[PDB]
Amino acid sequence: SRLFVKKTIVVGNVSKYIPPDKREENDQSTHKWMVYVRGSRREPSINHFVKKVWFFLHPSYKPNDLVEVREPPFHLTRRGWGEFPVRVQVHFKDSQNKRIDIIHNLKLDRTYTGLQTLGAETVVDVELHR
């Protein structure tokens, strides 16, 4: 009675610098970034319990500032110039598990090599009714 399991959810992002000769005209974006929602390496895939993920972006991305991803991978790739707090809202398959908001501070590459680098990861434990 009142049984639960804990599962790890990791929100992270990677990015790469885009040199000027590879930038779209009148896009001020200096980077290509990707935010991901994954599980720990030591646990089963989160697709077993995650229904869908909403990514809330900074208003500069309007009218495309709310992006729904229903199937894995729960990845979102965009170009940009600025770091901002990404709100990731995780929805679970089992209705008994309420949605959670995770705020991930987007971290952009500063090596400027044009290679992809790891930016940041935000780790939370969630509770799943059993």
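Note that residue numbering begins at 1 and tracks the sequence as displayed.
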Unmodelled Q96 in at least one third of other entries with both flanks present: yes
Mean Cα B-factor comparison, 79-87 or 48-56, giving the higher one as deposited: 48-56
Residue stretch of maximal mean CA temperature factor, 33-41 vs 89-97: 89-97
CA B-factor ranking of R70, expressed as a third of its chain: highest
Ranked C-alpha temperature factor of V124 among modelled chain residues, by third: middle
Where the record places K22 (Cα B-factor, split into thirds across the chain): highest
